[PDB]
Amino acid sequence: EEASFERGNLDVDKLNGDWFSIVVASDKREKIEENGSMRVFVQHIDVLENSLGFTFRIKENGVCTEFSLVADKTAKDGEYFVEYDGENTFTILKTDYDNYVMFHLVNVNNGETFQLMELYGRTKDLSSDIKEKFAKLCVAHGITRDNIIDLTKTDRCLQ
């Protein structure tokens, strides 16, 4: 059931559809707090020929906007590239397709770099079990718990 990038058993077509941003984590906290550019709430993922298209909402100064990005599959294993507040490279850490997906993303901008990890669900919320598994991976990638943010407890622009 656990389809990683490290197995290469990743049927990317089954990621298609509606998703919700559940937890977000970054070793550069500023970016996922209010008005952070990575405090984005996913709505949809569109699987294309060698790219993934994401629809996000974001809240800048009290207003939700919706925007879309298309990420291109790069030559490297499981990696994707997309341009957004810098250059972003990301991979799918782990997913079971019809409940959760975890992403690992690195952003380069002005010579600075940070890590971002996201937990998406097919429902507005996920169980504790999955949130805690996600937290373990964050810690394994050197993002400590004070830089993990459960979004299910905040405005995610659902309304």
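Position 1 is the first residue in the sequence shown; the rest follow in order.
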Exercise. Higher average CA B factor in the deposited record is what I'm after, so tell me if that's 34-42 or 56-64.
Key: 56-64
Self-check item: 119-127 set against 105-113, stretch whose average Cα temperature factor tops the other in the entry
Solution: 105-113
Self-check item: Third of chain Cα B-factors occupied by residue 148
Solution: lowest
Quiz item: Comparing residue 93 with the other modelled residues of its chain, is its CA B-factor in the lowest, middle or highest third?
Solution: highest
Practice problem: Would you check the entry's CA temperature factor for residue 25 and let me know if it's in the chain's lowest, middle or highest third? | Solution: lowest
Quiz prompt | Ranked against its chain, the third holding the CA B-factor of residue 139 | solution = lowest
Exercise. Using the B-factor values recorded in the entry, state whether the Cα atom of residue 69 falls in the lowest, middle or highest third among the modelled residues of its chain.
Key: lowest
